[PDB]
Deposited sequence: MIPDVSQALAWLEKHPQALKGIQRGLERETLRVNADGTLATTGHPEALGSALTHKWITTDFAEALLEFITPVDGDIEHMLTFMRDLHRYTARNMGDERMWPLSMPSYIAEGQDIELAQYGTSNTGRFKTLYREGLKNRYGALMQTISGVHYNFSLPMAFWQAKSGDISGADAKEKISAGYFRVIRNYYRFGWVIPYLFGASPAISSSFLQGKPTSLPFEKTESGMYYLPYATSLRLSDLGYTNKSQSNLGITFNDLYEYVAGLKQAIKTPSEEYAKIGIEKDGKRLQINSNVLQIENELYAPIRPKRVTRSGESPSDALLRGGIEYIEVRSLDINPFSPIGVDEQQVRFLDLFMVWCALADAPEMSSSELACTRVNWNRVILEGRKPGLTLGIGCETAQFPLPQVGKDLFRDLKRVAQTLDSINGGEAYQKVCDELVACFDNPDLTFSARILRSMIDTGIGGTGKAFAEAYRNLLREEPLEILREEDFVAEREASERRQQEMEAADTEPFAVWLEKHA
């Protein structure tokens, strides 16, 4: 089932320095909770300053949904330590509150939306969330995940580009990465899916107790999870075609969202009633990215510069790491992304893209089932999952050797040897491990225990990159940038909204 990538792997092995200088970033979301596991109804801890402007710590959907973001970085350990400083400082600055360490929340059935002050941008961001709330439900929006941001170094593109060609070849390369990701990225929830159970608050042969599926990996990625939009016809063959379909989705009115109404009794209910209010609403396992200029839209930035990096969005929170993600995951992603850059990925119509999802749903719902077979697209399932994983890992192993030869060491090769074991025994995967524990003490019980351990752990750990003066300097600089904005507001909200 895995394509023949031998040609490209030989190329890579002749060009080991093509891979030097991979850039990465991480985003991790966590709900602030009280000791009994209920959702904290207090505001964004004052020590964090302005969620709207803060360089490293913000909120996602809810006022109580923290999100930490690491500055782009060439060093895995540096990035992971940075993320941990963010967690350490926050753990010691939120009273008795602790951070929920699971993807799926459990003590939620009326949740406060993220608050960003009174500026226009800050009211538009909250309004968007009101929109999502009304369209999808507040509950689904408290599900947590980790995003992994990744770019190959220029050396990679050079080793295969001058002037206008460069931005085009890099975009073609990332769209290829994206097509291969749709085809083979179910390997991620297989290994690291960590939500085989959901609370009642959220058709499928569920076992009841808390609801679970015996072989499930990542329900966060199922229909009951963070999802929504298959009618949009978005494809990943070509930069212009991609943006055209996405820009088109932005201008597509939805009847169902028109039925919600743009406003009801003085309270504005959503930005508009198109399929996507803004481009961020397009749910995706993986996303093409390019840092936007001030106020610039995601697709404008892409049209102007091409794809800059990619955002992998499929990771559940790692319940076994106090920061929700670990080095073993990051390194596997490097390997798998590089592999996705190397393998031939024919173009895919949107019905072919829907066919790639068949393997994902098998993995999401019953990935650990003994005897599970997978197919090529919609074709008859005939490839036993363990052999597919092992074929993939043969390739990843060659990538690991190259990465290790330039960095020094065997860190990547070790990762491969650890994770390929999960195909021989699914009981090694995050979801087998976490289900055992949720069946033992429930989602609530399990999450509270981890939350408590991780809080006591992170509260005692000295900072390593950031000093307490860096957080205080940024609390000041961030809260200031927000006032700088709130004053500078020419027109009033209702008018700025129109334009």
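Where the model has no C-alpha, note the corresponding stretch of the deposited sequence, numbering from 1. Going by the record, the segments left unmodelled (no C-alpha atoms) fall at 110 to 112, 164 to 166, 209 to 214, 222 to 224, 244 to 245, 517 to 518.
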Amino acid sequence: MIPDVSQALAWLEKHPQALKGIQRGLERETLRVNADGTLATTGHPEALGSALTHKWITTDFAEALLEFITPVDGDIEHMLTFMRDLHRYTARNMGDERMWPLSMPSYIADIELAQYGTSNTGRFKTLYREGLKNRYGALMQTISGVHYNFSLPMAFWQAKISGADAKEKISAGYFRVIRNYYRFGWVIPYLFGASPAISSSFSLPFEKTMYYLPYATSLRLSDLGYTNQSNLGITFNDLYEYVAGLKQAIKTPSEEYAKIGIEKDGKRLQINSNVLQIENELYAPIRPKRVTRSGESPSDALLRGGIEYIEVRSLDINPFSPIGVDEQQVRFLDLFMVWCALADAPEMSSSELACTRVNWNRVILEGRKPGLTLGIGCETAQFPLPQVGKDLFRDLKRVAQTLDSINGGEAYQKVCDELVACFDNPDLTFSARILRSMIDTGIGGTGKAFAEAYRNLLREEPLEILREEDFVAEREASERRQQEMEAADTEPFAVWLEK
From here on, numbers count along this sequence of modelled residues.
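Where the other entries model residues on both sides, is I439 skipped in at least a third? Per the records, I439 is modelled in all the other entries.
Other entries modelling both neighbours but not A341, at least a third: Result for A341: never missing in the compared entries.
Higher average CA B factor in the deposited record is what I'm after, so tell me if that's 93 to 101 or 147 to 155. Looking at the recorded C-alpha B-factors, 93 to 101 comes out higher on average.
Between 360 to 368 and 133 to 141, which has the higher average C-alpha B-factor in the PDB entry? Higher mean C-alpha B-factor: 133 to 141.
Which of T70, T30, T41, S431 ranks first by CA B-factor in the deposited coordinates: In the PDB entry, the greatest C-alpha B-factor among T70, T30, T41, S431 is found at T41.
Could you check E207, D238, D300, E379 and tell me which one carries the biggest Cα B-factor in the deposited entry? Among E207, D238, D300, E379, the highest C-alpha B-factor in the entry belongs to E207.
Mind checking which third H78 falls in for C-alpha B-factor across the chain? Middle third, going by the recorded CA B-factors of the chain.
Ranking the modelled residues of this chain by C-alpha B-factor as given in the entry, is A400 in the lowest, middle or highest third? Lowest third, going by the recorded CA B-factors of the chain.
State the tercile, meaning the lowest, middle or highest third, of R24 with respect to the CA B-factors recorded for its chain. Within its chain, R24 is a lowest-third residue by C-alpha B-factor, going by the deposited values.
Is the Cα B-factor recorded for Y182 in the lowest, middle or highest third of its chain? Within its chain, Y182 is a lowest-third residue by C-alpha B-factor, going by the deposited values.
In terms of the chain's CA B-factor thirds, is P346 lowest, middle or highest? Middle third, going by the recorded CA B-factors of the chain.
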